[PDB]
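Chains P, G, F, B, H, R and D, in that order, give the protein sequences.
Residue numbering for the first sequence is 52 to 133, as defined by full-length UniProt numbering.
Residue numbering for the second sequence is 18 to 192, as defined by full-length UniProt numbering.
Residue numbering for the third sequence is 36 to 196, as defined by full-length UniProt numbering.
Residue numbering for the fourth sequence is 13 to 96, as defined by full-length UniProt numbering.
Residue numbering for the fifth sequence is 35 to 41, 47 to 196, as defined by full-length UniProt numbering.
Residue numbering for the sixth sequence is 30 to 57, 69 to 132, 147 to 251, as defined by full-length UniProt numbering.
Residue numbering for the seventh sequence is 65 to 101, as defined by full-length UniProt numbering.
Please read the structure below before turning to the comments.
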Amino acid sequence: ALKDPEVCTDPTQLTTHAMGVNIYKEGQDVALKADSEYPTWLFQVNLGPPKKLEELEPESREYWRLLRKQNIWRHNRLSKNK
Amino acid sequence: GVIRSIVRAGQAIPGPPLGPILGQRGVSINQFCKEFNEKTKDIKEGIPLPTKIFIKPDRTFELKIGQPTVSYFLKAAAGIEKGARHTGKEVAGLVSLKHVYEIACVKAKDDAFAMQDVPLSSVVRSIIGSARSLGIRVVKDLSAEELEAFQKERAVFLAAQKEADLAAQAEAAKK
Amino acid sequence: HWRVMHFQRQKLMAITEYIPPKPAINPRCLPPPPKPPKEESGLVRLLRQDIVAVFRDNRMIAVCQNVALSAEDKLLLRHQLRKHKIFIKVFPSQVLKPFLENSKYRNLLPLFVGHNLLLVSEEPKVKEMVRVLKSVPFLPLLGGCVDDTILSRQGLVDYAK
Amino acid sequence: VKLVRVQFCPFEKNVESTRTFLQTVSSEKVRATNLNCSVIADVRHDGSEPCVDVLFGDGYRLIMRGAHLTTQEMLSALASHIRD
Amino acid sequence: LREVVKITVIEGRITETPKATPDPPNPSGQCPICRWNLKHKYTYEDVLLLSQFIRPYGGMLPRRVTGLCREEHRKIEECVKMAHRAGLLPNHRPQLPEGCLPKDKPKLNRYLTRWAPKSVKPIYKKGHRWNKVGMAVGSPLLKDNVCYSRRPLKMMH
Amino acid sequence: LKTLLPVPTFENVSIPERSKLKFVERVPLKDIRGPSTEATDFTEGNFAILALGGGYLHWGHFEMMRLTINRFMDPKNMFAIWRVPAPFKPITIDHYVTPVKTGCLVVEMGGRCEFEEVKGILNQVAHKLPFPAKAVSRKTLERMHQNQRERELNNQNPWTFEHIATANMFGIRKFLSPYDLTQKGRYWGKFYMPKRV
Amino acid sequence: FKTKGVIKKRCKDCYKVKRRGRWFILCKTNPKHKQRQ
RNA sequence: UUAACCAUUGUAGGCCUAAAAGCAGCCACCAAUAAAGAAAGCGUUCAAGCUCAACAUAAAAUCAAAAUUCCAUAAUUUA
RNA sequence: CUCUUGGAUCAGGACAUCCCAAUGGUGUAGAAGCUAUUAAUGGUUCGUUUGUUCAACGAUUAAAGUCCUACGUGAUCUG
Ligand code: FES
Ligand SMILES: [Mg+2]
Ligand SMILES: [Mg+2]
Ligand SMILES: [Mg+2]
Ligand SMILES: [Zn+2]
């Protein structure tokens, strides 16, 4: 029942280290490497909502993959009432 | 036979939920919890750990365990107390983009099979859904002073929430 | 209860009833009008490009019938093949036929019957491919082509050495 | 059913029922269902019609050729023979 | 025609089958009946046509093998029953498994029997002049057949 | 190759604030005879119930409709409206009734839903009405009218009810009512004939 | 064998037959579901 | 619009609810994979378990013609 | 605001069956029961009024069925 409350107090440490990363009691908390030391694509992740069917290209898997989910959504909607 | 549980290392004996059913299949129930407890000593504890215990006609104990749940792991990273009931407008933890990258550098390595989860987008989007599933709003970046301003609002908001529950609880007791 | 109609009025209704005209020939038994050409949705064209790239890029293509292995047991084979950097490819049979009709490989159509899977790589690690096959005895191999040469299972085993 | 033996030749265009029947025989639920059976698959390159052989420890041997028998008949005969 | 032979070892041998007479009078007809211009000109009495779609034990063949369209399949199926009930197919009787023998009762002559004789109730109370209960004769499915009479056929007797 | 296609979208639908059906108060012969002149077309929603007979709806009928629809409908995605007046005609006063004519829409539903979802419940409610009715939609309702026009144009009968009645051939008007000239034989008492042309 | 005006299938296993001049819905798993017209 | 075959996972999504895990709710509802809804149903004290939809593989193609004792006889095709 | 029925004798008939008979389902272990389908075969008792607006009580029975037939039936009898 002892869910851990909010932890840490230092914004700089939170942005330059992370205490919660460590998963071994013996293991120490890891520290963050330089920004340039990580790949560019890591920082280029999509931080917004997923692209909608209108935005996605009709010739892309993502456009059709969402369309497949929507069709399943429609089937469940119809199947619910029977 | 694969059996999956999220029991926490801190508490090793649920009891009737697990021991009898496994005993009905046929297992060393006393060994099972103690075997879980000695594993708890070896590694961290107090956190819900998924397990993949295998039960066969041979009746062989094969516990499989590893790194803990993502939500609790993210809660420490974002300083999240816990989930809130509403989860619609509830905001607890806001964390930096860089912090998200570093936390998951080794967390995704806990995959039971060596899943080629090279895109971290798969994990952050799952955490976005997880946080929203919890009483959490995940913003791109939060300022510490902004957190303090909200925390003052949250304390007032939480106090009003308790009063609303108390009024309903008192009314229910009268009924 | 419907109030009865004077017999004279009843006679009027019987004579003025609707009569439909009937065609000389029933449409179904007639030859069908030509169907409008179907439009290729953005699945075959995108899928078409993928199959062209995998056949051209990968020198060796091994065709094996799908044995419907369990997901838990399916993962290890992918991981074993992933350790060998060998990929598994599956495509709908319908879209596979047109390329095999007009391509460098055209005699593999009899093999391409039923459920099938394709083993594709960029290196001729055939011994590892056969070794990963030995993990599952029941699963057979139908053969295919290695290094742009068409051969069956019996030849592949000797080719591994 | 103590043992089950299936053989066929892929590249020759001939009976396909056997290959589908092999798939049904080589099914994880089926192999568990008749656990006693040993599943064996051996592909051949000669000009030989596919032959299915079922072997019993009691000495009864059931040989089945897909040459003109459909997959349905394969299972139907197999089921009745297992009963005996 | 494929026959399965059991010699235990069993095998099936394919044999030759006679082919349809060449030169259909009306090519481009999708169903075999249309090809020969027989749409509305066959009845239960036409055993020669009907027998061609019958198994050696009197059963109907599946549509996929025959290739008939839905409308003609239902008509042929219904006409076969009446031909059986009218004693017009003596060599297509049911198979007696081990010791069963024909019931050996007297045979009542019939024709144009819509329903199974077993499960029809008697008409104990017939009606008065224009409230009479009718006794069905023939099948509704064959209504549209060509008629050589001044007025349409009387289905209810 | 299962062929997937774009799914229909309800991005044009807007849900009213008051989704549920409001309560009808218990308290405030040619009326049911002949064709309906009111509420004959779709107003707001895409689905409704269409009467095929003339009948009186008392208060008890209203509650049966209200409770059934309110119990099933989802306020978030569904809405319903009343398309008929409340009971106003006094019957000896013991109770009040709302007259209904053939072709009148009784209740109309809408929202982000398709007809197939609501067919079963609407048909069930229709069966319980005191007059014969069937659930219809915008497309189905238009098709019936289109079918009626087709039947008149292609009819092969040289003789029709309208010509004979208006021209008094046979002196047929001796045996007819004034209304026959208007209705043209499509209405008899309170009953509507669906195939009379 | 409840005799009802409309016979309706009540479970997946229910099936329909035409015996002795009437329509039946028969379910082996649940004999409760047996009906006649 | 269908009859054939199937089912891996982030994690048991938060929430006084012990727990309420796709399924009491309650808001969110995202994730990987070719292909899988924080689930259209059952079912579990909660869990388990059964299904649906997905994976490849197939095929077909609206309303209508009761009380004395049965009561003409019969009949489907000739212009 | 109001204002023809009983009984005796002899019974003809319907099935919407009370008992006897053949069956399906069950929250049917056996024994008892509750419900539904089919069928008109013969049967279906004896005494009594302190209170009870077209009621009740005693003793029994395998059962003490519901109805139609100008109160079935007074040129057969009777209150
Ligand atoms: S007879 Fe030709 S399709 Fe019907
Ligand atoms: Mg009598
Ligand atoms: Mg009865
Ligand atoms: Mg007298
Ligand atoms: Zn059932």
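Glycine residues also receive a C-beta, built at the ideal position from the N, C-alpha and C atoms.
Query raised in the report: Beta-carbon separation of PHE112 of chain R and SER191 of chain R under 9 Å?
Result: no
Query raised in the report: When the Cα of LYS40 of chain H is compared with those of B:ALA89, B:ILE94, B:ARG95, B:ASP96, which residue comes out closest?
Result: B:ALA89
Query raised in the report: Can a CB atom of chain H be found closer than 9 Å to the CB of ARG31 of chain B?
Result: no
Query raised in the report: Within 9 Å (strictly less), CB to CB, does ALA175 of chain H reach chain D?
Result: no
Query raised in the report: At least one CB of chain R closer than 9 Å to the CB of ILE86 of chain F: is that the case?
Result: no
Query raised in the report: Going by DSSP, which residues form a beta bridge with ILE52 of chain B?
Result: B:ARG17
Query - Residue burial classification, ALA26 of chain G (beta-carbon count within 10 angstroms, cutoff 16) - result: buried
**Report entry** Residues of its chain near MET118 of chain R, where Cβ-Cβ distance is below 6 Å and the 5 sequence neighbours each way are ignored
**Finding:** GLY165
Requested in this report: Go to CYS63 of chain B, then tell me how far its beta strand (DSSP E) extends in each direction, as first and last residue.
Outcome: 63 to 67
Requested in this report: Would you list the residues whose beta-carbon is nearer than 7 Å to any heavy atom of ligand 1, in the order they occur in the chain?
Outcome: F:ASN61, F:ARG63, F:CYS64, H:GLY68, H:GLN69, H:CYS70, H:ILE72, H:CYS73, H:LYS78, H:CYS108, H:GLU110, H:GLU111
Query raised in the report: Would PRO109 of chain P count as contacting chain G if we go by Cβ distances under 9 Å?
Result: no
**Report entry** Assumed close pair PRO115 of chain R, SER76 of chain R - CB separation to whole angstroms, cut-off 8 Å
**Finding:** With a Cβ gap of about 31 Å, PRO115 of chain R and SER76 of chain R do not count as contacting.
Query - Beta bridge counterpart(s) of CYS180 of chain F as assigned by DSSP - result: F:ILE96, F:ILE185
Report task. Under the assumption that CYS49 of chain B contacts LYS14 of chain B (Cβ atoms under 8 Å), give the Cβ distance between them as a whole number of angstroms. Result -> 7 Å
Query raised in the report: Taking just the CA atoms, how far does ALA120 of chain R sit from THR63 of chain P?
Result: 56 Å
Query - Alpha-carbon to alpha-carbon, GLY74 of chain R and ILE54 of chain F - result: 25 Å
**Report entry** Reference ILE144 of chain G; option with closest CA among G:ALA94, G:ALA131, G:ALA181
**Finding:** G:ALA94
Report task. Give, in chain order, every residue of the stretch 65 to 84 of chain G whose Cβ lies closer than 7 Å to some Cβ of chain P. Result -> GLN84
Query raised in the report: Start and end of the alpha helix (DSSP H) containing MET174 of chain H?
Result: Where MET174 of chain H is concerned, there is no enclosing alpha helix (DSSP H), given that its DSSP letter is neither H nor E.
Query raised in the report: What is the DSSP secondary structure of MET70 of chain P, reduced to helix, strand or coil?
Result: helix
Query - Segments assigned alpha helix (DSSP H), at least 4 residues, entirely inside the stretch 63 to 130 of chain F - result: 79 to 92, 106 to 118
Query raised in the report: Using 9 Å as the limit for Cβ to Cβ distance, is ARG128 of chain P near chain R?
Result: yes
Query raised in the report: Thinking just about the alpha-carbon of each residue, which of H:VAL104, H:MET99, H:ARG153, H:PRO145 is nearest to the one in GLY85 of chain D?
Result: H:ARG153
**Report entry** Which listed residue (R:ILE226, R:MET163, R:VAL251, R:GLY225) has its alpha carbon closest to that of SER43 of chain R
**Finding:** R:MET163
Query raised in the report: Is it true that the stretch 83 to 101 of chain R meets the stretch 178 to 195 of chain R, where meeting means three or more beta-carbon pairs spaced less than 8 Å apart?
Result: yes
Requested in this report: Would you check whether ligand 5 has a heavy atom nearer than 8 Å to the C-beta of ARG74 of chain D?
Outcome: yes
Report task. Determine the contact status of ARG94 of chain F and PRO159 of chain F, defining contact as a CB-CB distance below 9 Å. Result -> yes
Query - Distance, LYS146 of chain H Cα to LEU127 of chain H Cα - result: 13 Å
Report task. With a cut-off of 8 Å on the beta carbons, I'd call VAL160 of chain R and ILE89 of chain R a contact; round off their distance for me. Result -> 5 Å
Report task. Return the residues of the stretch 48 to 66 of chain F that lie within a Cβ-Cβ distance of less than 9 Å from chain H, sorted by chain order. Result -> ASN61, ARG63, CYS64, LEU65, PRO66
Requested in this report: Give, in chain order, every unbroken run of the alpha helix (DSSP H) that is at least 4 residues long and sits entirely within the stretch 41 to 106 of chain G.
Outcome: 46 to 59, 87 to 95
**Report entry** Sheet register partners of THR156 of chain R (DSSP bridge)
**Finding:** R:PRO75
Query raised in the report: What separation, rounded to the nearest whole angstrom, lies between the Cα atoms of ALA187 of chain G and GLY100 of chain R?
Result: 40 Å
Query - Rounded distance between the beta-carbons of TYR96 of chain H and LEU88 of chain H, thought under 8 Å - result: No, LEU88 of chain H and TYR96 of chain H are not in contact; Cβ-Cβ is about 19 Å, not under 8 Å.
Report task. Examine chain P for any beta-carbon lying closer than 9 Å to the beta-carbon of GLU168 of chain R, and answer yes or no. Result -> yes
**Report entry** Any non-hydrogen atom of ligand 5 within 8 Å of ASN76 of chain H CB
**Finding:** no
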